[PDB]
Structure formats: C-alpha cells, structure tokens
Amino acid sequence: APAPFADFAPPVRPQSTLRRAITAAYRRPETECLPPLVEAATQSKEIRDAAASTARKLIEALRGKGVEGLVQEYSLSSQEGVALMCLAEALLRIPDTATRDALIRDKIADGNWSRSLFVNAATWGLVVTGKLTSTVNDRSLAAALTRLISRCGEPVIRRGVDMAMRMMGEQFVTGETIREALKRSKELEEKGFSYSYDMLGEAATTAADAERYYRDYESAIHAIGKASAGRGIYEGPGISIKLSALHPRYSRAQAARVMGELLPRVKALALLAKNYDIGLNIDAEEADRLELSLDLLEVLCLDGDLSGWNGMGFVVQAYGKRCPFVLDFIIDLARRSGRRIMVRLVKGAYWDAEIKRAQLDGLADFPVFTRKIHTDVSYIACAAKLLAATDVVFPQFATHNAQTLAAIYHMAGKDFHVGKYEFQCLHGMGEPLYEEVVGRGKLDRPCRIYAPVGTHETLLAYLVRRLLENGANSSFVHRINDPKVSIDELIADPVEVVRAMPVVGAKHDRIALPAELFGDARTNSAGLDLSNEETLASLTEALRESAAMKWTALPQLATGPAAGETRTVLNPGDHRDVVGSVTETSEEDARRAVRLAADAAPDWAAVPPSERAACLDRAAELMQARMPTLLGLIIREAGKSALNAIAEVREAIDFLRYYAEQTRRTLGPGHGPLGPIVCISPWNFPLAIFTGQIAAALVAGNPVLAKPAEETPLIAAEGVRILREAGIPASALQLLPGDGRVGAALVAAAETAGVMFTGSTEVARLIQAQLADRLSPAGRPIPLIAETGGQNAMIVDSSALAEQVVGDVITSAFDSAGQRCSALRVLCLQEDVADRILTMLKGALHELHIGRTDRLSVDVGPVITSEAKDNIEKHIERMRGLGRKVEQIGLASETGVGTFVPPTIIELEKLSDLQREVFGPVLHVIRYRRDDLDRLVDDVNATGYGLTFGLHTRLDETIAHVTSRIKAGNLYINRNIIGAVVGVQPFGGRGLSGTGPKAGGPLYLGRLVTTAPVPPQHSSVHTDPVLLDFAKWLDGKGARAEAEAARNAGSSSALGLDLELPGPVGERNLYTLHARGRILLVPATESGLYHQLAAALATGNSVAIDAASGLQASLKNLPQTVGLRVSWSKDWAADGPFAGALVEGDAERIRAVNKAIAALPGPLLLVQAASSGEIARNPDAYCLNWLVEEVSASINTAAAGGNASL
Amino acid sequence: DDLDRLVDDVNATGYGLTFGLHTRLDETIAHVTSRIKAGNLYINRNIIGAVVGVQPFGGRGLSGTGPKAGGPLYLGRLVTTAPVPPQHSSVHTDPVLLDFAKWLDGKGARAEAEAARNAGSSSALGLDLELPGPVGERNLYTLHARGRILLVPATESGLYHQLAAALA
Amino acid sequence: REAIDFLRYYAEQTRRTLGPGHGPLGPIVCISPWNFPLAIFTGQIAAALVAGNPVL
Ligand SMILES: Cc1cc2nc3c(=O)[nH]c(=O)nc-3n(C[C@H](O)[C@H](O)[C@H](O)COP(=O)(O)OP(=O)(O)OC[C@H]3O[C@@H](n4cnc5c(N)ncnc54)[C@H](O)[C@@H]3O)c2cc1C
Ligand SMILES: NC(=O)c1ccc[n+]([C@@H]2O[C@H](COP(=O)([O-])OP(=O)(O)OC[C@H]3O[C@@H](n4cnc5c(N)ncnc54)[C@H](O)[C@@H]3O)[C@@H](O)[C@H]2O)c1
Ligand SMILES: COc1ccc(CO)cc1
C-alpha cells in the first residue's frame, strides 16, 4: 500500500533559484511589484521627449485616416445593425452564391425571414456598438430585423452580406485556410511585414479535438515552411500555437500527462518547424499555465534533436506579476541552451478572466495587475530587460499602443539590424499603425503580423473579443477612436504618471481582493492555489503529516467522553488505508445527551448573541489556519479530491462567518431559542454541512446534539473540537457518532426542540413522521429543516457554446463522483446539437483520472461505501439491460482496493425512464425538440424535486421562459450547477428537495428561534393583489378585524423581494422571494380561516381548504380573483402536492392534523399551527417567512467570453 | 385603510385617462399604481401637459380606444399592415399561452400550436421602457394585458388562433 | 410646442418604421376639439398624413 500523499504533487523538476523567484512573485502585492518596474522603465528626459513626439506623430497619422457607414446610409438603429449582421452571417453560411441571391430576393426581402439567427449577436453587438453583452435579446433583434427589412428591403440585406463577407473573410482572419492566408500575405510581405499564423484553436476538450488541432498545426507548418522558402526565422513567416489546443488536460494537476503526452507533440511540431527553419511560438494562456509551460520550454530548448534551430518562441505577458522573473529564467535558459529564444512581449489577453478566477478561488491576490497603467509600466520595464539581452534572445514587441511603441523604439536606440528585435501586431488592427513604422520611409523597424486562420465560428467569436479588447474603455484601440480623448492624453507617459501617484502600485479601487468580496459584512474564506509550487510543496508535507495522525471520534457528552463500541474508519478509495477510529454512541447515551442539552439550554441561551457569534468567528479562524490538515482528513476519510476538500473547508468557514454576521445583524433577547437541536448531517459534505447546521443552531442560542454520518465521524469530531476550542461549551455542543439508530434516538427524545437534517428524502420522511407525534411546550410543531435529494437537470439549447457546456457538464455530473446533492443528473440537449455535444462529452469523460484521492492528478475519487457502489452499479446495469446506451470510463486495477464507480453516461429515451435519485457519477442524457422546451420543463418539474437547475443559452427569451417555468431553488445560467457559495447562492430547494429555509441564506437563523427576527434587507414594496381583493371582500362581509389583519399581512409579506447579492465579478447572483405554491389550510373557526387565507394570499399562494372544517359557508360570493386561488379538499392526499400548511386548533387537534399531514405523499410540508386564541392575540401567529419560497439564480456574465463592466 | 376601495371608486367611473399620486412612500406608489387603471400616471407632479414621446398620451375604458397619441403604436393604426415600432418587443412569454400551445400539441393541432407559440414570441406584452426626457423625471412606458377580449369565432381553428392571440 | 412635437415625432417614427408594405387606409376624417385647437388638430392630421393617407 502506497504511503498516503507520498506522490501527491511532485514537481516536474527540482525548482531552480530562477524558478522559485518566478513562483514567489505569483501573487505579490501590487504596491511591491510596481516600484522596481518604475525604476527599470525609467528613461532620460531627452528620450521621453523624443518618444512623446514620435507617439504624437504616429497617433496623428492614425487619426488622419464600414459597419458605421452602413448604419449611417440606412439609418439603422444599433439593434438593426446587429440583427442585419446576424442575418448576413447566416446567409453566408449558404455556399451557392446564386442560391443565396435568390433566397434574399425571393424570400428574405419580401417578408418571411435549428438555431436562432442571433446566436452570435453578442459578437456583432461588439462590432456595432463597442459593447459586450453575455446574452442577446433575441426578441429585440427579431423585431429589429423585421423592421429594417420591411423598411429597406433587399438593398440593405445585400449591403450587410457584403459587409459581413469583408469582415469575416478579410478583417478578422487573414484567410479561411492557411493556403489563402499565405496568398494574401504576399502584399504586406513586399512592404516589409512578416507574419505569424494562428490556426484558430485552443482549449481542447477531447483527445479527438487535440488531435484535430495537432494536424491543423502540422499541415500549417508544412504550408508556411513551403511558402517561407528558406527566408529563415526572422525575415520569413512563422506559426503560433496554443498548448491547450494540443492536449485536453493541459494543467499543473495533470503535469505527468502533460510531460508524457503533450511535450512529444510539441517536439514533433517543433522538429518540423526546424526542418523548414521557421518560427514556432508558444502563445501564453491563463496564469495557472504559465509555470507549467516553462517546463515544456525548458525540455524543448535542452533537447538535442531541436539543436541548430533558433525559431522556438515563447510569449510572456506583461500584465502578469511574474513577467520580469519569467524573462530572467528565459534569458538564462537561452544562455544554457545556446538558443536565441524568440520572446514575444505582450500585455495579456485574459485579464477579466484572471480577476474573476482569483476571486472565485479566494486566493491572496491577483496574478495580474489591476490598473491598466501598471501593465503599461510593466511592459516598458520588461522591454528594457529584453533590449539588454538581444545577443541571447530575440525580442518581439507586440502592441498596438503608439505610446508603448514609441517608448520602446527610442529605448532601443539607433543601432538596428533585421534580427535584433521586431514589433508585432494583430491582423486587421495593427496595419494602420505599423504602416507608419515599417520601411525606410517610416521608422524602418519590422513588424510581424499575427494572422488568424480559419472559419471556426466559436474561435472566430473568441478572436473578435480579443481583437476588440472585450470592449474596454481603457484600451488604446477604444481610446484612439474616442474623440473625447486628446492626443496629449494618449501620449501620457505611464512610467511618470505612476511615479507621481500617492501610493505607487495601489490596487484598483473598484476591484475587491478575494478576501474582501463581502466588504464590511464578513471576511471571505481563503483558498489555496494548487498551481503554486510552493503551496504544493508545503501542502504535500501538511497532508503527509495529517495522515500520520491517530484521528479519533468519540461520543462527547456534556459530562465528558463516553464509552462505546469502537471501529476503524477506512479510506473509501483504499480500505487498506486506516484513517482513524470511531467510538459510537449507545442509544442510552444519546438520550442522556439530549437531557444534558436541555439542562444546559438556559445557560447557552444566556450568552449574548454577539458573543455566540464571536465563537463562530473564532472557529472560522481556527478552521482557516488548520485548512491543510483538515484537507488531508477530508481527502482520506470522505474520498474527496484536494480541490473539493479545499472548497469544503472554505464552505465551513463561510457558514461560520455568515451565520455570525447574520446573528450580529438580527438576534436580540426577544428571539428566544427553541431548545436542544438535533443536527443530523451527511457523509458527502462531512465538514461543511455538519458545521453549517450546528453553527446556525448554536448561534441562534440552542444547544446542539451533533450526529454525523456513520461514514465520516472523524472530520466531525475535529469540527466539534474546533468549535469547543473557539469557546462553545461542551454542554452546548455534544458529538454523538453512530448510525441511524443514534439519529433516531435523538429525534425521538422528549426534549428535542428541533431537528436539522441533511440527507435522503426517505430518512427525512421517517424523521418527519416521528416529529409529528410531538409538540413544543408552546404547543407548536417541532421544527424540521430538511435538505434532501435532487434530480437536477441542465437544459442546453443550440445557442450554447459546446466547449463551455462540456466542461460544466463534466464538472457538475462527476465532481466528487457525483456525490453532491446539487450534481447534474439529467442533461437535456436540443436535438440539433445533441450529437456533437454528446460526442464531446464522451471524449471528455475518458480524460478523467479516477483513483485514490491523495494524488493531485485524481479528478474523481471513490464513492463512499460498497453499498453505495452496489446501488449505483445496479442502476447502471438495469439501464444497460433495458437497451439504453451506456458509456463508461475503464477503471485502473488499483481501484480494486476501494469502492469506485466509473463516471457513466446513460442515454435515456424519456425523463420518466429515471425514477429515483442515483447518488453517484451517473449522467443521464435526453434530447428534445426546440418546440417541446416548455413540455420538457414540465417533465423536469414532474420529478417532484427542485434543488439545482442549469440552463445554457445565449438567448434572453429562452432564459426568461425557462427560468419563469422551472421550479427549483438554485438556478444557474451558463455555468456549472454545483458549489453554491454561502451568502451568494443561498442553497436549498423545494418539493422533494426539502423544506427550506435555504442554508447560507438570510431566513435560516429565523427558523431556529421561537420568534423570528427581521432578516437584513428582508422586505418588499409589492402587495399581492388577490390579498387586497380578499381584504376588501372581508370588509364587505363585515369581518373588519380580519380585513385589517389581511391588509397588514399584505404589507408585512416579503413576497417580491428581489436582491442582488455581493459576489465575484463576471457573475450576477440574484435572490428572490416567490410564492410557495398551494398551501393546505386546516382551519377550525371562520376567523381562523380568514387569517389563514390572508396569510397565504399575502405571500402569493393559492390554497386548498380542509372541507371537513365545515366552513364552506364562510366564503360566499368571493371575488373571482380570490376564488381562482381557493379550492376545497376532502382527500388531502389526492389534491396535492402542497407547499406548506396552516393549522388552527388546540394541542390535540394540532397533533392529529400534523400526523395526517406527515402521511401525505410527496414533499415534506412546512406546517405552522396556532390556537384560535393565538390567532386572536398574535398578528404573527403564522409567520410569513415560511410561506414564501426562496430562489437563488447565478448567472455567468462572462460567458460571452468577456466581462463588459470590468 | 380605505385606499384600495378608493382606487376601486376611481376606476368605477369607467374612465381611465390621467391619474396622479402624491406620496413619499414607495409601498403606496407600488400599491396604487398596480391597482389604478389609467393610461397616464403621474407621481409627485401635476397630471396634465403630456409631452410627445415622453408621456405618450391616452387611456382606456370610457377614455377612448388607443393607441396613445405621441406614442409608438399610433402610426400603425393608420396603415393596413402595421409596422414593428422602435424598441417594440418583449422577452416575456405569457405562461397561459404556453399552456394553450401544449394543449394544442396534445390534441394534434400542430399548425395552431405553432401559430400559438409564434404569437407568444411576437407579443410585446411585458415591454418596460424608460423614455428620454428631462432630468429630474423618470418617464416609463409599459405594455400590459388589455383585459377580457371578446372572441367572436366562426370555426374551431379560428377560435384557436383568436385565443392564442388574446392569451399571448 | 406640442403641435411641433407631434409633427417631428410622427416624422421620426415614420422614418423608423414605414416601408412600401405598410399601405395606407385611404381618406381619414380628423375631427378635433376646441380645447387643444392646434395641438390635437395637428397631431391627428400629421399622423394620418405621414402614414400616407389624405385627410379631411
Ligand atoms: C501579435 C500579438 C500577439 C499576442 N499574443 C498573446 C498571447 O500569446 N497571450 C496573451 O495573453 N496575449 C497576447 N497578446 C495581447 C492581447 O491579445 C492584447 O492584444 C494586448 O494585451 C493589447 O495590448 P496593447 O499594447 O495593444 O493595448 P493597450 O490598450 O495598450 O493595452 C491593453 C491591455 O492592458 C491590460 N489591461 C487592461 N485593463 C487592465 C487593468 N484594469 N489592469 C491591468 N491590466 C489591464 C490587458 O492586458 C489589455 O489587453 C498578443 C498581442 C499581439 C499584438
Ligand atoms: N439539499 C441539500 O443541501 C443536500 C446536501 C447534501 C446531501 N443531500 C442529500 O443527502 C443524501 C445523501 O446523504 P446521506 O447518504 O448521508 O443521506 P442519508 O439519509 O443517508 O443520511 C443522512 C443522515 O441521516 C442519518 N439517519 C439515517 N437513518 C436515520 C433515521 N431512521 N433516523 C434519524 N437519522 C437517520 C444518517 O446516520 C446520516 O447521518 C442525498 O440524497 C443528497 O441529495 C442534500
Ligand atoms: C488577440 O491576439 C492573441 C494572440 C494570442 C493569444 C493567446 O491566447 C491571445 C490573443
């Protein structure tokens, strides 16, 4: 048996001093990065004066010289221009130019114009307006297209087709094929330009895609080398490649596959480039790939088979904090290898994405600068370093910024020869600038044009966004065309502007560090960067040390540890790996624990809320400090990967801090505790959900009996140890390890005042049935918060981006071996794109690494137990036996020592083929016709579940349709459907998925006290109109007090609350309160009924009223608006599902009704009960908090390949 | 406490042209503007002097037929085939229209089901625009349901199309 | 002012929307009141005219 974590993440090679200097700078504070850059970029006054003059002359030339003229000629609105260009693009998809012309003339121009015409309207919107949107208003565009065609007819359509042709075939790309691009390059090559060709391609998701990009590159190298015809690496053309195009798993976590599989591919291409003596440049991609790419560069430059060739090139991004240290490494590598490495200095293309990623991952700082002027100084500083090393490297200064250009032109001085350095620019953007540079009549410096090649609609869209800087106001390309921006502004020297600032290198004031995402409310949890070699080295040691510890879990009662039966805890991924020992709780001691909690309840309720919250905050600090050790335990006890364990510890920290802050915002002495709360937690989030339930109950003033899942007691014991260390008294937090019999004893105990349960719907139903026999001392039902299964779907239409879909599906379905309650279970693919997406999904499936999770390279770990494995596999085999197509990855023999299920894709005929939640790595796929979208949504709702739901579409009309009809608590647009963030996507659903309130949301604590507080921002100015009609009807009937109570309910309701929650950039996180549905009303008196009806109507609900109440004659002559919401039910089980219940009666009647409600099939109903007297005395007898439904929606607004606002 | 009945009394005249509300309270604004049935609403200002293309002018009931003068639907009433007005669209689809279309598909009425879905998309119900105007004022223009439409069909398919149009 | 604005607004709406398939009704009778004897007079007439209809 391999020692745990002995091979967790060994580096490709021992890290040299130069490599460690790079890693040290990864997230260095911006105020520390800039001063040495300012120093290195400093030039003499005479040079600065000369550069400003040259920059002014270039900009004057640039300003002294398509779609805009088309918009002018036909008086098009912006939307008409966008719509016209979408039409033109589609018409160009028709090959036969004659068949197209007759379509325009005889069909389109008249009045009759598988995929929306407007799938790429975001791209054209950027072309037309300079602004990027994530999604497109396809109804607006359709209206605009109809309007413009009916107004201007065939002429405007032909003009649009001509314009789209000129842009898509001549301005965005140098050619559609490498042969065409090479032919079109002769003109500027005669004028002194050179070329670097980019076969559009990146981010391979499958082996097949990586192989396709490989043969694209190989064929392009042959064509470029044939055309170069011996011109060599400086005067002749070269190629640019992206490493992510050549392997579907290009990441540090997969470094072994990268070195073993990607490296030989790059070597083979470079050998071909060597034979033709052309340049081969490695483009720079995301920040977490920088240092990995250096390992490939080093191996390539030291490989003797490539000797004799100086065409290897490498991009370095000056917006990156490591840039100068990367350059030091490359210059030294050039000296060691004797190869004159071609170094392309760029600013960088992924800025918006890097900001969002660092925020999502909770890392210390950004790996890029946050002020644009800092990147400019960085670039000039790095240019000075390169210009000092032209003997050993070939600098290539890629920029369209005339100030940057002029600074470097003058920095380089008067001595020039071809091969010393060059400038570079992008095709169809840089030529106007660089035609003022190239040639003896200008500045006589060469420029290499980066020349995109292809027709790839997706990659074409990616490029147009890169070419237009995602529509950024800070970009030179935008500012050069901005008449409000003077030339003096454009030639401002960034070095001296930065030097003059109060704090040199201060972070952008409007971008939050990841720790500061929530401002003054609370401190964001911190993650770990698994691409950082220093982090990986330190984590390896911490993880090894965690595995040497003798972890234990014992019954921890208020009186001390208790004795019991002890057994070992085994690693689910390798049962030979003993993780620790658990001593399990006797039923008698479980009962004793509840009595001890009851005895201690007044003492804990007496601790002021802010001090209870301080315990949670202290526990959060402890968990953060202990994160590496906690990771190791979670990895081995629960079978989780490192990344998932980090996210879990982060979530536990976030729960602690969020409930602490919510307590500080809300709780006072009048919000009395329930009493002892039984917290029953699952094995799949054995720290986060465990901690969240307990922290909420504790901070609300209740003592807790914590019953962890039998599979994962050790991390629970560690969580309790930390909470107790943080100041939670032992009498307030007791740990009761064991199986469901321990849970059952706790639930049944007479002093149990509330139960928080996360687990299966079936166990939740058993708990509900036991609780229904009891009442609180105040004669109310015992509160149950139950978060249960999901049958979570994602709907993908033909406008979605397949590569994005595939990544989000693989992650949502198979992360944590599908053992997330939020996991994607049913993928619904529009028929027109189903086959292409399914092919990619199957290819991506086979790139997953399944195994014991103490290796960074493992993507998917084991399932928790042999019983789990057996249950999942029985489902797969039943599906397979029914003739459904089943795709599975083959598992390695090493998995035989643990309990693994291979990630599996099952193609279903109908959603009804799936009858129950299968809690494992099993994705079901169905196809749908576009016109059946609404029925599909009905079918998704018909499962009875409602937890998570995903939608991938670019079309606003589809977003509005689907999100208005789906009934789920957590919606995700154009992103994965997992990993809900506390206070950002408050988490919890409806129906079979649970009772609410949402964990990590603002209604949670209020369920854990006897008088609910007003949550922060919890109000609505909306009044339900049927409530208002009902209140008028009451007044008409003479029920004056009830009418007043109804109006008051209408005002007090928070129905219609519509909030945006603070979160990361590039995402919009919305939180809304809706009606729950149909509420079961069980009144005893006429006035009781009227109060119940007002409560339900004020929160937007319809009702079913118990016909056995005999109160039918109390609702005579209802307004139709109210009557439409009222039904009468004799057989409650026949008239559901309900979404809640209101009950009136004395204690015996409440108990009898509560038991009858627990027997209703389907969802667990949140039941509220009150006596007739309580209804008369207490305006809040029924709490409106529990009569609305919380919905969280998270929209990825970077999904159109850019962040507009940022 | 009689505010809602007062709004009913105002609506009960059968007219619905201009209406003013003076209040500092958002809940009263939301309440009253959601219940009054008048074509031109004014909040914390006078109720006269509608500005062309800023307060498109005209009401409902006994106040007239529409479309609003000085608004984007006006010219379409004066031609035999109405054009698509500027900015005239909505991403909202009426859910009962959608339920009707599914029912039509269930009955095998595939042509009417497609017609119903197309009406659902073509409807501008839910349009919610801010019109350009002076500073210190917000001028909003919205498209709502009209109410109950009288359907006088002759054939089953005609009824399905009329119902789709009204539901959409 | 209102008469001026009707004229310019219906002119702009025409430029934004009307094409050959938006055929006129024919003669439109425009009946106007004494309380806005220029503005409502002009508004009704301008709209009818610019939509391509002759006006009484
Ligand atoms: C020939 C060529 C090849 C290129 N190859 C690559 C490559 O392999 N990898 C890659 O990542 N990029 C590459 N780029 C660069 C990228 O695609 C953009 O073209 C480049 O960053 C624009 O810089 P500029 O000097 O033209 O314009 P500018 O307007 O001067 O600079 C804009 C740049 O500033 C940076 N920036 C913007 N806002 C901020 C901010 N708030 N804080 C900090 N920085 C900010 C960004 O890097 C942005 O692109 C290449 C560019 C060219 C011309
Ligand atoms: N909605 C959510 O937020 C959420 C989150 C995580 C997991 N889940 C659900 O959790 C389920 C998987 O977790 P699980 O396997 O641990 O669920 P589960 O029902 O198997 O186990 C949960 C807990 O209930 C206990 N238990 C079992 N029988 C009991 C009984 N008769 N009385 C009292 N307690 C009893 C177990 O000991 C365990 O601690 C899935 O259905 C999943 O969807 C939901
Ligand atoms: C727009 O020019 C670019 C060239 C290369 C890259 C590498 O990702 C990005 C942009």
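Residues numbered from 1 in each chain as written, not as in the entry; some residues may be left out. Chains lettered and ligands numbered in written order. Part of a larger assembly, values for the part shown. Heavy atoms only, no water. Residues with missing side-chain atoms left out of burial classes, pairs and counts.

- As recorded in the entry header, the structure was determined using X-ray crystallography to a resolution of 1.64 Å.

**Side note on the site of ligand 3**
All names here are of chain A.
Here is step 1 of the chain: Taken together, the residues surrounding ligand 3 are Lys242, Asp283, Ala284, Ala349, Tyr350, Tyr450 and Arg466.
Here is step 2 of the chain: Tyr350 places a polar side-chain atom, nitrogen or oxygen, 2.6 Å from an oxygen atom of ligand 3.
Here is step 3 of the chain: Class assignment for the residues of the shell around ligand 3 results in 4 nonpolar, no polar and 3 charged. (Near = heavy atom within 4 Å. Polar contact = N/O pair within 3.5 Å; in protein donor to acceptor, adjacent residues only side chain to side chain. Nonpolar A, V, L, I, M, F, W, Y, C, P; charged D, E, K, R; others polar.)

**Brief notes about the sheet that holds strand β6 (residues 393–398) of chain A**
Adjacent strands of a sheet form backbone hydrogen bonds with each other and so pair up, either parallel or antiparallel.
All names here are of chain A.
Here is step 1 of the chain: Judged by pairing direction, the barrel is parallel, and its 8 strands sit side by side in the order β1-β2-β3-β4-β5-β6-β7-β8 before closing back on the first. Pairwise comparison of adjacent strand axes, ignoring direction, gives a mean angle of 30 degrees for this sheet.
Here is step 2 of the chain: In this structure, strand β4 (residues 312–317) lies alongside strand β5 (residues 341–346), joined through 5 bridges in parallel fashion. Across the sheet, residue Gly313 finds its bridge partner in β5, namely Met342.
Here is step 3 of the chain: Across the sheet, helix α13 (residues 290–302) is in contact with β3 (279–282), β4 and β5; its angle to β4 comes to roughly 155 degrees. (Pairing = 2+ DSSP bridges. Helix = DSSP H or I, 4+ residues; strand = E, 2+ residues; numbered from the N terminus. Axes fitted to C-alpha atoms, helices over the stretch in contact; angles between N-to-C directions. Contact = heavy atoms within 4.5 Å.)

**A short note on the packing of aromatic side chains**
Here is step 1 of the chain: A full pass over the atoms with the stated rule returns 23 aromatic pairs over all chains.
Here is step 2 of the chain: With 5.6 Å between their ring centres and 15 degrees between their planes, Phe100 of chain B and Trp103 of chain B make a pair best called stacked. Highlighted residues: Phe100 of chain B and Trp103 of chain B, both in helix α3 (residues 95–106), separated by 3 residues, approximately one helical turn.
Here is step 3 of the chain: Among the residues examined, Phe100 of chain B registers a relative accessible area of 9% and is labelled buried.
Here is step 4 of the chain: For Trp103 of chain B, a relative accessible area of 47% gives the class partly exposed.
Here is step 5 of the chain: Through a chain of ring-to-ring contacts, three or more aromatic side chains come together here, namely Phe397, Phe416, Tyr421, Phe423 and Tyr434 of chain A.
Here is step 6 of the chain: Over the face of the ring belonging to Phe329 of chain A we find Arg19 of chain A, whose NZ or CZ atom lies 5.6 Å from the ring centre.
Here is step 7 of the chain: We note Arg212 of chain A situated over the ring of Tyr213 of chain A; from NZ or CZ to the ring centre the distance is 4.7 Å. (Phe/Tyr/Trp six-rings, centres within 6.5 Å; stacked < 30°, edge-to-face > 60°. Buried < 20%, exposed > 50% of the residue type's maximum accessible area, 1.4 Å probe, protein only. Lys NZ or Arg CZ within 6 Å of the ring centre and 35° of its normal.)

**Some remarks on the sheet that holds strand β24 (residues 948–952) of chain A**
Residues and elements named next belong to chain A.
Here is step 1 of the chain: Taken together, the 10 strands give an open sheet; going across it, the order is β21-β22-β23-β20-β19-β24-β25-β33-β27-β26, and neighbouring strands pair in mixed fashion. Two strands bound the open sheet, and with one partner strand each, they are β21 (885–888) and β26 (1058–1061). Within this sheet the neighbouring strands show an average axis-to-axis angle of 20 degrees, counted without direction.
Here is step 2 of the chain: By the bridge criterion, 4 bridges tie strand β22 (residues 904–907) to strand β23 (residues 922–928) in an arrangement that is parallel. Paired with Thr904 across the strands is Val922, a residue of β23.

**Brief notes about the nonpolar core**
Residue and element names in this part refer to chain A.
Here is step 1 of the chain: Core analysis: the biggest nonpolar cluster contains 119 residues, and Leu280, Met312, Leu345, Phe397 and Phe423 have the highest contact counts within it.
Here is step 2 of the chain: Beyond its immediate stretch of four places on either side in the chain, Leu280 contacts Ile221, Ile239, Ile241, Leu269, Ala270, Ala273, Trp309, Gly311, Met312 and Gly313.
Here is step 3 of the chain: Core analysis: the second largest hydrophobic core is formed by 75 residues, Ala800, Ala868, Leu914 and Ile978 among them. (Core = buried A, V, L, I, M, F, W, Y, C linked by side-chain atoms within 4.5 Å.)

**A short note on the packing of helix α37 (residues 1025–1036) of chain A against helix α38 (residues 1040–1052) of chain A**
Residue and element names in this part refer to chain A.
Here is step 1 of the chain: Where α37 contacts α38, the two axes come as close as 8 Å, and the packing angle between them is 165 degrees. The orientation of α37 with respect to α38, classified from their angle, is roughly antiparallel. Handedness of the crossing formed by α37 with α38: left-handed. Residue-level inspection shows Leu1027, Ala1031, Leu1034 and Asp1035 of α37 in contact with α38, the latter providing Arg1040, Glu1042, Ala1043, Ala1046, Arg1047 and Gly1050. (Parallel < 35°, antiparallel > 145°, perpendicular 65-115°, else oblique. Left-handed = near helix turned anticlockwise from the far one by under 90°.)

**Digging into the pattern of salt bridges**
Residues and elements named next belong to chain A.
Here is step 1 of the chain: One pass over the full model with this rule turns up 89 salt bridges over all chains.
Here is step 2 of the chain: The partner of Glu285 in a salt bridge is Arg289, with the nearest N and O atoms 4.0 Å apart. Each of the two residues, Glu285 as well as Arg289, counts as buried.
Here is step 3 of the chain: A salt bridge links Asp332 to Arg336; the nearest nitrogen and oxygen atoms lie 2.8 Å apart. (Salt bridge = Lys/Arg side-chain N within 4 Å of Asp/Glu carboxyl O.)

**Here's the deal with the environment of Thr23 of chain B**
All names here are of chain B.
Here is step 1 of the chain: Within the secondary structure, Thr23 is located in the loop between β1 (18–21) and α2 (26–35).
Here is step 2 of the chain: Remark: the alpha-carbon pair of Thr23 and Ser122, spanning 99 residues in sequence, is separated by 37 Å.
Here is step 3 of the chain: What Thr23 contacts, discounting residues up to four positions off in sequence, is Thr28, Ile29 and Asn44.
Here is step 4 of the chain: Of note is the side chain of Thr23, whose polar atom sits 3.0 Å from the backbone nitrogen of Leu25.

**Considering the interface of chain B and chain C**
A common way to report how large an interface is uses the accessible area buried once the components associate.
Here is step 1 of the chain: Across the contact, 19 residues belong to chain B and 22 residues belong to chain C.
Here is step 2 of the chain: A buried area of about 1,600 Å², summed over both sides, lies between chain B and chain C, and 70% of it is on carbon and sulfur atoms.
Here is step 3 of the chain: The tally of links from chain B across to chain C stands at 0 salt bridges.
Here is step 4 of the chain: Partitioned by chemical class, the residues of the side of chain B that touches chain C number 13 nonpolar, 5 polar and 1 charged. (Buried area = accessible area lost by both parts, 1.4 Å probe.)

**Focus on the pairing of strand β17 (residues 754–758) of chain A**
On any regular strand, side chains alternate: one points to one face of the sheet, the next to the other face.
Residues and elements named next belong to chain A.
Here is step 1 of the chain: Burial runs high along β17: 5 of the 5 residues are buried.
Here is step 2 of the chain: Alternating positions in β17 separate into two faces, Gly754, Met756 and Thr758 on one and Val755 and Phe757 on the other, with burial throughout.
Here is step 3 of the chain: Bridge analysis of strand β14 (residues 677–680) against β17 gives 4 bridges, and the strand direction is parallel. Bridging from a neighbouring strand, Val678 pairs with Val755 of β17.
Here is step 4 of the chain: Each parallel crossover has a hand, and for β17 linked through helix α31 (residues 761–771) to strand β18 (residues 784–787) it is right-handed. (Right-handed = clockwise from strand over helix to strand, strands pointing away.)

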